[PDB]
Protein chains: 2
Amino acid sequence: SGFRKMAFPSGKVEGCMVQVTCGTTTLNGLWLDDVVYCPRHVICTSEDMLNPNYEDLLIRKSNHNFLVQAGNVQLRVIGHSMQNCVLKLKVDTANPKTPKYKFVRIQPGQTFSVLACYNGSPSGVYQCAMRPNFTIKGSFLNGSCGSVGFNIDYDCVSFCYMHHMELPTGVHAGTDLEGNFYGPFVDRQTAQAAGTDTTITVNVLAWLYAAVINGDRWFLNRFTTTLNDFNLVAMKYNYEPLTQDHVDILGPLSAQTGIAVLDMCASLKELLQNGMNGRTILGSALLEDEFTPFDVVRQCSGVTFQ
Amino acid sequence: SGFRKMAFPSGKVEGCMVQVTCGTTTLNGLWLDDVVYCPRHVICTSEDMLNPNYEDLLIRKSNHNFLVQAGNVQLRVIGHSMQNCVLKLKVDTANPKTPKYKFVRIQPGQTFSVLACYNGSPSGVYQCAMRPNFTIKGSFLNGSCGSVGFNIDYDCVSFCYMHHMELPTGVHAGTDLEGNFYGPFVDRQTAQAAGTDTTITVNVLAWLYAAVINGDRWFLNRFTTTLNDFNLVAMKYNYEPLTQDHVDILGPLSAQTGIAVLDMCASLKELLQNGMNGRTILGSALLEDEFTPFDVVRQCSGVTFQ
């Protein structure tokens with residue numbers, strides 16, 4: 001038993017990370033088949049980023065102004081194009097380590113693993129959630145841009161995130177691999193408002209189920225509630241409203257533990273209104289919202305990938 | 001910026017995980033060069049584990065009596081030996097994916113990444129600390145034994161942990177790769193007392209430095225203290241005593257932030273006596289002790305591997 005925030009094994013993604021240099025800027029790119037994907041602000045200096053005209057800056061560049069290096073292998077750039085906020089660099093060679101892969105646009109509240117990289121080399125791997133306001137709370141230093149987020153399904157890598165920027169507030173924003181930002185953000189160094197962030201209610205509930213499965217039960221009370229009654233308490237505490245779709249997704253956890261979903265919502269409502277009174281749940285003194293119901297089931301059955 | 005509990009990239013280790021079956025028991029093994037390492041209780045039935053005589057049970061087995069599978073290709077077992085609590089199964093072929101590697105015995109309070117595996121296939125990766133009482137708080141289901149813990153230094157994998165068992169209390173115990181248990185535990189299914197666990201003081205201070213580096217500063221108070229006075233408060237809250245060696249290890253973090261170590265100990269001592277009063281540090285409502293000073297420097301400096 002036990003419950004840990006677990007990232008996916010990063011091997012399949014490590015073999016796809018390359019270094020992209022344009023002028024003085026170096027960042028990470030993703031090499032799949034014969035295309036390298038990277039943030040388009042690789043073509044910007046630190047001064048361009050204040051107000052960049054990406055179409056005009058890209059026109060000043062040719063294929064040989066893009067230095068792409070995979071480990072110690074230099075790749076030959078034979079074409080370049082801009083798709084929304086990503087650059088696609090066509091190279092001479094197909095990546096021999098290309099895994100089975102998909103490009104996916106995930107929804108707020110879904111989670112993914114981030115392979116943080118610098119200069120095309122992997123630094124570490126951790127799990128993240130796309131917040132309801134479409135930011136993430138990562139660990140990204142200078143040079144991390146182009147680091148990617150992903151999920152793995154047996155042998156297929158679903159790429160869902162590419163890192164582009166840190167907002168002045170210290171949170172992180174990026175795109176899917178078609179180059180469309182999550183949220184209202186733009187790849188410009190300016191003040192950018194993230195909306196109010198809220199707690200992913202269905203994720204907290206799944207984590208309470210994981211706690212029950214692991215023997216933590218002190219928070220189980222003798223109340224229940226209704227969906228509408230819970231959502232009144234949800235909006236006071238900046239929690240996302242619970243829908244019937246979320247109740248349905250929690251069905252299997254309900255079935256395994258024998259605790260009805262609206263009964264778990266009554267325990268959650270008393271945790272929100274009374275706090276935790278110095279207690280902990282699964283080693284945490286806060287309510288955790290970074291596990292999806294599918295994450296909880298995965299960790300609890302021990303699914304493998306290879 | 002930002003600070004996350006980060007695991008090492010697991011690619012080099014994924015290529016070494018194999019499946020070891022002996023009779024009805026299946027667990028994970030580690031294939032390095034022409035040797036497969038796995039827990040010796042793979043040779044036990046579920047009933048043998050109550051009082052196993054490993055020498056007698058191993059004698060009933062021959063080289064062909066061990067099924068080693070790497071992905072879908074089977075290996076040729078040409079020798080077997082027991083070294084303390086691990087089995088060394090000599091196979092015909094050297095693992096072509098063998099990384100540069102060392103076997104190391106770590107100290108309490110040091111950290112490592114765990115590649116959780118089932119049936120020889122990787123399931124997930126997370127960072128763990130060896131507790132002062134020589135347990136770890138992992139996530140390990142049935143079939144997870146033989147999962148390994150490791151650190152990476154550029155290109156060399158330092159293997160430090162092999163998972164062997166879950167104690168009845170739900171915490172986890174295992175060996176180094178010479179088969180010597182960490183702590184007073186044995187590979188027998190019986191009640192086994194872990195000692196009192198204490199908090200890794202030097203790790204908490206490193207994490208407080210990481211918090212300051214990342215902009216969290218409210219806990220900086222304007223008192224100081226001495227080493228003996230801090231250790232008086234440390235022992236009341238089940239913290240491990242701080243030594244001069246620990247002060248020295250924190251030196252570079254001290255130098256970067258301009259905060260002397262004993263001033264950081266005064267902020268910690270008031271955090272222990274007053275709690276956090278509903279505040280958080282790096283998103284946590286508890287004091288974190290799973291980052292070593294070297295972990296903090298690595299993450300804040302962006303060191304990369306391979």
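Protein chains get the first letters and strands the later ones, always in sequence-line order, with residue 1 at the start of each.
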If you measure only the distance, is there a donor-acceptor pair under 3.5 Å linking the side chains of [X] and [Y]?
{"X": "A:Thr201", "Y": "A:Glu240", "answer": "no"}
{"X": "B:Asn119", "Y": "B:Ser121", "answer": "no"}
{"X": "A:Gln83", "Y": "A:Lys88", "answer": "yes"}

Enumerate the residue pairs fulfilling ring-ring contact (aromatic ring centres under 6.0 Å, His included) with a member in residues 116-136 of chain A, sequence neighbours excluded, ordered by first and then second residue.
none

For residues 18-40 of chain A, which residue pairs pass the ring-ring contact (aromatic ring centres under 6.0 Å, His included) check, not counting sequence neighbours?
A:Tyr37-A:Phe103

The single option from A:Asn180, A:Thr175, A:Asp176 that satisfies side-chain hydrogen bond (donor to acceptor under 3.5 Å, both in side chains) with A:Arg105 is A:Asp176

Pairing residues for B:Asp216 by the salt bridge (charged side-chain N to carboxylate O under 4.0 Å, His left out) criterion, not counting sequence neighbours:
none

A:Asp48: partners by salt bridge (charged side-chain N to carboxylate O under 4.0 Å, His left out), with sequence neighbours left out
none

Within this structure, what is the CD1-CZ distance for the pair B:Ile281 and B:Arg217, rounded to the nearest 0.5 Å?
12.5 Å

To the nearest 0.5 angstrom, please state how far the CG atom of A:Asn203 sits from the CG atom of A:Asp295.
7.5 Å

With side chain to side chain contact (heavy atoms under 4.5 Å, CB included) as the test, would you mind laying out the steps for A:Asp34 and A:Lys90 before giving the verdict?
CA-CA 6 Å; A:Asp34 59 351; A:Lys90 193 80 156 217; 3.2 Å; yes

What I'd like to find out is whether the side chain of [X] reaches to under 4.5 Å of the side chain of [Y], using heavy atoms alone.
{"X": "B:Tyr101", "Y": "B:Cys16", "value": "no"}
{"X": "A:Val86", "Y": "A:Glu178", "value": "no"}
{"X": "B:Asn151", "Y": "B:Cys160", "value": "yes"}
{"X": "B:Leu286", "Y": "B:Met276", "value": "no"}

With a 3.5 Å cut-off and sequence neighbours excluded, list the donor-acceptor pairs that the side chains of residues 67-80 of chain A form with protein atoms.
{"unit_1": "A:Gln69", "atom_1": "OE1", "unit_2": "A:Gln19", "atom_2": "NE2", "d": "3.4"}
{"unit_1": "A:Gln69", "atom_1": "NE2", "unit_2": "A:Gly71", "atom_2": "O", "d": "2.9"}
{"unit_1": "A:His80", "atom_1": "ND1", "unit_2": "A:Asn63", "atom_2": "OD1", "d": "2.6"}

Just do the side chain to side chain contact (heavy atoms under 4.5 Å, CB included) check on B:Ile249 and B:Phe294 with the steps written out, would you?
CA-CA 8 Å; B:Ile249 298 160; B:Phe294 313 91; 3.6 Å; yes

Stepwise side chain to side chain contact (heavy atoms under 4.5 Å, CB included) test for A:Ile106 and A:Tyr182
CA-CA 9 Å; A:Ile106 58 158; A:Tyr182 290 97; 3.6 Å; yes

Tell me which donor-acceptor pairs under 3.5 Å the side chains of residues 299-306 of chain B have, and how far apart each pair is, sequence neighbours excluded?
{"unit_1": "B:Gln299", "atom_1": "OE1", "unit_2": "A:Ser139", "atom_2": "OG", "d": "3.1"}
{"unit_1": "B:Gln299", "atom_1": "OE1", "unit_2": "B:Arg4", "atom_2": "N", "d": "2.7"}
{"unit_1": "B:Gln299", "atom_1": "NE2", "unit_2": "B:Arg4", "atom_2": "O", "d": "2.8"}

Check ion pair A:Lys100-A:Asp153 (N to O, under 4.0 angstrom)
no

Stepwise, does the side-chain hydrogen bond (donor to acceptor under 3.5 Å, both in side chains) test hold for A:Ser147 with A:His163?
CA-CA 5 Å; A:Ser147 294; A:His163 184 56; over 6 Å; no

Ring-plane angle category for A:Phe8 and A:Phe150, please: parallel below 30°, perpendicular beyond 60°, tilted otherwise.
tilted

Any donor and acceptor pair, going by atom type alone, linking the side chain of A:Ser62 with main-chain N or O of A:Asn65 inside 3.5 Å?
no

Given side chain to side chain contact (heavy atoms under 4.5 Å, CB included), test A:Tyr239 with A:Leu287 step by step and report yes or no.
CA-CA 11 Å; A:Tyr239 268 58; A:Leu287 295 164; 3.4 Å; yes

I'd like to know whether CG of A:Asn53 has more than 12 heavy-atom contacts from other residues, nucleotides or ligands below 6.0 angstrom.
yes

Identify the heavy atoms of A:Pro122 and A:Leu115 that sit nearest to each other, and give their distance.
CB-CD1, 3.9 Å

